[PDB]
Amino acid sequence: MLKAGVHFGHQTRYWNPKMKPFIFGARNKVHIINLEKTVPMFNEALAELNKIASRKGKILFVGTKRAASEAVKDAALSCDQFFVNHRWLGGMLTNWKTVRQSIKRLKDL
RNA sequence: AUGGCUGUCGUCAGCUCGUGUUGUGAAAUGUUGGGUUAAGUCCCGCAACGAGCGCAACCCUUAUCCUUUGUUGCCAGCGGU
Ligand SMILES: [Mg+2]
Ligand SMILES: [Mg+2]
Ligand SMILES: [Mg+2]
Ligand SMILES: [Mg+2]
Ligand SMILES: [Mg+2]
Ligand SMILES: [Mg+2]
């Protein structure tokens, strides 16, 4: 059921109290996420993703420059998948009508 | 009361607008930060992405060379001198 068991992690500060229910603690000299309360979560996330996937929904994966970089690179690239690897321009989805002028620039260029 | 025209800050590099976002609001952001430049000139970063007026560049003159033309300008090679 579990996808590997390697979640050693490194974060040791700034635990958000709002997400207490999903945390175990003890190990890490700080904290750790509960592995039992995550098997029944992503197994749903995918269930919901499938619906939009049907009408070839635009997922638009996100990872900012060095956040993933070597972790994602371009594995997102597929038949009907898109991604943002470089800096996520501050406020581009909300003013997409303003980013059309720049996407046209990229196309013409 | 004005049109038109002109002086000065000042040939200093600044002054603004679209959408976006933040704030109850006047407003802020961008336009600030790290470098650099004669310059809001350019690069990186960034809650902003673009654009406009301005700076530079297009203009004239000057400093080198080449093509054409050779008088009313010029005289290197030759001659009457
Ligand atoms: Mg508001
Ligand atoms: Mg200013
Ligand atoms: Mg301002
Ligand atoms: Mg600066
Ligand atoms: Mg400029
Ligand atoms: Mg002679």
Side-chain angles (χ1 to χ4, degrees):
Chain A
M1 296 147 249
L2 94 171
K3 308 296 185 180
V6 297
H7 52 57
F8 59 92
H10 189 59
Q11 184 58 42
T12 177
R13 197 68 275 167
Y14 310 98
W15 95 285
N16 190 324
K18 230 176 289 153
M19 72 170 335
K20 160 125 180 89
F22 311 172
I23 287 164
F24 196 177
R27 291 199 254 133
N28 304 36
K29 239 324 262 79
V30 52
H31 266 338
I32 183 60
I33 81 190
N34 182 267
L35 184 64
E36 297 79 89
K37 187 127 64 180
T38 168
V39 153
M41 245 168 213
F42 41 48
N43 281 175
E44 285 61 24
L46 301 174
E48 247 310 350
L49 287 177
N50 304 336
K51 175 32 60 205
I52 264 49
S54 76
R55 195 41 277 292
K56 282 70 171 177
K58 300 137 167 182
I59 313 303
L60 204 157
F61 313 170
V62 174
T64 178
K65 38 184 292 183
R66 309 296 179 181
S69 61
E70 301 176 2
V72 58
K73 297 301 290 249
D74 276 356
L77 208 165
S78 172
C79 57
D80 51 359
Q81 265 154 231
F82 322 87
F83 62 87
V84 183
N85 237 11
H86 200 193
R87 170 177 178 270
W88 199 89
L89 298 180
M92 94 184 91
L93 272 54
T94 183
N95 71 345
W96 178 264
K97 150 148 62 64
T98 284
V99 192
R100 275 179 310 89
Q101 301 334 316
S102 182
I103 277 299
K104 177 85 60 69
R105 191 66 274 263
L106 172 52
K107 292 281 260 319
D108 181 338
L109 200 57

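Values reported hereafter were calculated over all heavy atoms of this structure, with side chains retained and with hydrogens, waters and symmetry mates removed. A note on names: the letters A, B, ... follow the listed sequences, proteins ahead of strands, and every chain is numbered from 1.
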North or south: which describes the sugar of B:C75, going by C1'-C2'-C3'-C4'?
south
Please check, using ring centres under 5.5 Å and planes under 30°, whether the bases of B:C59 and B:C58 stack on one another.
no
In this structure, do the base rings of B:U71 and B:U72 stack on each other (centres less than 5.5 Å apart, planes differing by less than 30°)?
no
Verify whether the stacking test passes for B:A39 and B:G40, with limits of 5.5 Å on the ring-centre separation and 30° on the angle between planes.
no
Atom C1', compared across B:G50 and B:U24: separation rounded to whole Å:
30 Å
Look through every strand shown and name the nucleotide pairing with B:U11 as Watson-Crick or G-U wobble, where both distances are under 3.5 Å.
none
Under 5.5 Å between six-ring centres and under 30° between planes, true for B:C55 and B:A56?
yes
According to side chain to side chain contact (heavy atoms under 4.5 Å, CB included), who are the partners of A:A68, at least two apart in sequence or on a separate chain?
A:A71, A:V72
Just checking A:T98: base, sugar-phosphate only, or nothing, at a heavy-atom cut-off of under 4.0 Å?
base
Under a 3.5 Å limit on both distances, do B:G33 and B:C75 form a Watson-Crick or G-U wobble pair?
no
For the structure I just gave you, are B:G18 and B:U32 base-paired, Watson-Crick or wobble, with both distances less than 3.5 Å?
no
Does anything in residues 81-106 of chain A pair up under salt bridge (charged side-chain N to carboxylate O under 4.0 Å, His left out), and if so which pairs, sequence neighbours excluded?
A:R105-A:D108
Pair listing, side chain to side chain donor-acceptor pair (under 3.5 Å) test, anchored in residues 32-42 of chain A, at least two apart
A:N34-A:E36
Can you tell me if B:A38 puckers north or south, using the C1'-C2'-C3'-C4' torsion sign?
north
With sugar-phosphate meaning primed atoms plus P, OP1 and OP2, does A:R105 contact a base, only sugar-phosphate, or nothing at under 4.0 Å between heavy atoms?
nothing
same_hphob_cluster(A:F8, A:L35) at 4.5 Å side-chain heavy-atom cutoff:
no
Quick one, which residues of residues 89-96 of chain A touch RNA chain B with a heavy atom under 4.0 Å?
A:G90, A:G91, A:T94, A:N95
Residue pairs meeting ring pair (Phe, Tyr, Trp, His ring centres under 6.0 Å), one or both in residues 68-109 of chain A, sequence neighbours left out, come to none
Salt bridge (charged side-chain N to carboxylate O under 4.0 Å, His left out) pairs touching residues 53-78 of chain A, sequence neighbours excluded, are none
Taking atom P in both B:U31 and B:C44, compute the distance separating them and give it to the nearest angstrom.
13 Å
Minimal non-hydrogen separation, A:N43 against A:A47, with atom names
O-CB, 4.2 Å
Taking atom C1' in both B:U68 and B:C42, compute the distance separating them and give it to the nearest angstrom.
45 Å
Going by side chain to side chain donor-acceptor pair (under 3.5 Å), name the pairs with one or both residues in residues 17-28 of chain A, residues two or more places apart or in two chains.
none
With a non-hydrogen cut-off below 4.0 angstrom, is A:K104 in contact with a base, only sugar-phosphate, or nothing?
nothing
Is it true that a side-chain atom of A:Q11 and a backbone atom of A:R13 form a donor plus acceptor pair closer than 3.5 Å?
yes
5' precedence on RNA chain B between A:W88 and A:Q101 (nearest-nucleotide basis)
A:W88
So for B:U11, where does the sugar sit by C1'-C2'-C3'-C4', north or south?
south
Listed once per pair and sorted, the ring pair (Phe, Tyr, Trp, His ring centres under 6.0 Å) pairs that draw on residues 28-49 of chain A, sequence neighbours left out
A:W15-A:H31
Could you measure between the two P atoms, the one in B:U61 and the one in B:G80, and give it in whole Å?
47 Å
Distance between the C1' atoms of B:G35 and B:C46, in whole angstroms?
16 Å
Does the pair B:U8, B:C9 qualify as stacked when the test is that the six-membered ring centres sit under 5.5 Å apart and the ring planes lie under 30° from each other?
yes
A:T64 or A:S102, whichever maps to the more 5' nucleotide of RNA chain B
A:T64
Within a 6.0 Å radius of atom CE on A:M41, are there more than 12 heavy atoms belonging to other residues, nucleotides or ligands?
yes
Would A:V62 and A:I59 show up in the same hydrophobic cluster when neighbours are defined by side-chain heavy atoms closer than 4.5 Å?
no
Pair test for B:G20 and B:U29: Watson-Crick or G-U wobble, both under 3.5 Å:
yes
Ring pucker hemisphere for B:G40, per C1'-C2'-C3'-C4' torsion
south
Looking only at atom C1', what distance separates B:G30 and B:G18, rounded to whole Å?
12 Å
Watson-Crick or G-U wobble between B:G23 and B:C55, both distances under 3.5 Å?
no
If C1'-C2'-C3'-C4' is positive it's north, if negative it's south, so which is the sugar of B:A47?
south
Kindly indicate whether B:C53 forms a Watson-Crick or G-U wobble pair with B:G14, where both distances must fall under 3.5 Å.
yes
5'-most to 3'-most nt of RNA chain B touching chain A (<4.0 Å, heavy-atom partner on protein side) reads B:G18 to B:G50
P atoms of B:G70 and B:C53, separation to the nearest Å:
50 Å
Taking atom P in both B:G25 and B:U2, what distance in whole Å separates the two?
39 Å
